[PDB]
Amino acid sequence: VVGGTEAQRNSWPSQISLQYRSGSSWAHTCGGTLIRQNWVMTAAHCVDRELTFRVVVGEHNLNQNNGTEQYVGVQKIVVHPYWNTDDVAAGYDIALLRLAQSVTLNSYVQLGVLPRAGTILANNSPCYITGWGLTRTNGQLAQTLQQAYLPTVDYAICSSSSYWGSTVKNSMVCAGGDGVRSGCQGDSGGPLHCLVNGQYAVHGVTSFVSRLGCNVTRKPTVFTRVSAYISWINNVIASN
Ligand SMILES: [Ca+2]
């Protein structure tokens with residue numbers, strides 16, 4: 001997250017870190033949202049590589065013992081069947097991970113609340129992106145979980161020519177674009193939390209930014225629109 005502030009430890013308890021085994025250690029690669037005690041919602045593109053993955057819940061600082069973490073292997077990966085790795089702009093950047101064990105809920109570990117199916121946010125709705133991704137374009141991952149206030153940019157504006165044009169689909173949510181604050185590599189798969197009727201819900205799964213850089217004016221961060229996938233999500237969890 002570029003232009004973020006450090007999140008309080010208990011603000012976003014559905015945020016997870018998706019990590020892959022790298023030698024004798026584990027490397028953060030993406031965010032995710034805990035949606036059942038044994039299912040995480042993330043981005044399809046985060047799990048294209050043939051890696052060994054684990055999820056960490058109750059995580060705050062990737063580089064130090066927080067006293068709150070639970071580490072769990074990934075037992076099954078269900079990518080949206082329409083996803084195509086060579087075409088992020090087509091959409092469908094969403095995947096569910098069934099965890100090998102059910103995690104224990106507490107102040108640091110809670111299920112993310114999802115929007116009702118089809119819900120579209122009005123332009124300029126208040127949302128926060130969270131994650132441990134790069135804190136600058138071509139920078140380094142965050143140690144501590146970061147948040148950045150990224151108001152939505154509606155489909156009409158976002159798909160206009162000076163924004164993302166044809167690249168953005170109505171199955172996506174755009175947010176930010178101010179040239180200062182944005183997601184960045186390593187935030188993919190994580191939540192966009194938006195305040196609606198007094199309650200935060202996870203409206204986006206972080207998907208992409210500009211090839212030109214993370215924080216680029218009129219290139220808001222782009223997210224898979226969670227509310228486009230409620231039936232798909234329910235179908236997967238019920239069949240698995
Ligand atoms: Ca930690």
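Nothing fancy with the numbering, it's 1 onward along the sequence. We count ligands from 1, going down the list as the structure has it; atoms in each ligand are counted the same way.
- Between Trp12 and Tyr200, the ring-plane angle classifies as perpendicular under the 30° and 60° cut-offs.
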Evaluate side-chain contact (heavy atoms from CB on, under 4.5 Å) for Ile120 paired with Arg225, printing each intermediate quantity in order. CA-CA 9 Å; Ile120 303 292; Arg225 178 162 56 83; 3.4 Å; yes
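- When the Ca ion (ligand 1) is compared with the N/O/S atoms of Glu69, atom OE2 turns out nearest.
- Ring geometry for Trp232 versus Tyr229: interplanar angle over 60°, hence perpendicular rather than tilted (30 to 60°).
- Around the Ca ion (ligand 1), the two atoms OE1 of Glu59 and O of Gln64 are separated by an angle of 160°, to 10 degrees.
- In this structure, ND2 of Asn66 and O of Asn61 enclose an angle of 90° at the Ca ion (ligand 1), rounded to 10°.
- Checked against a 6.0 Å centroid threshold, the rings of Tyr20 and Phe53 do not count as neighbours.
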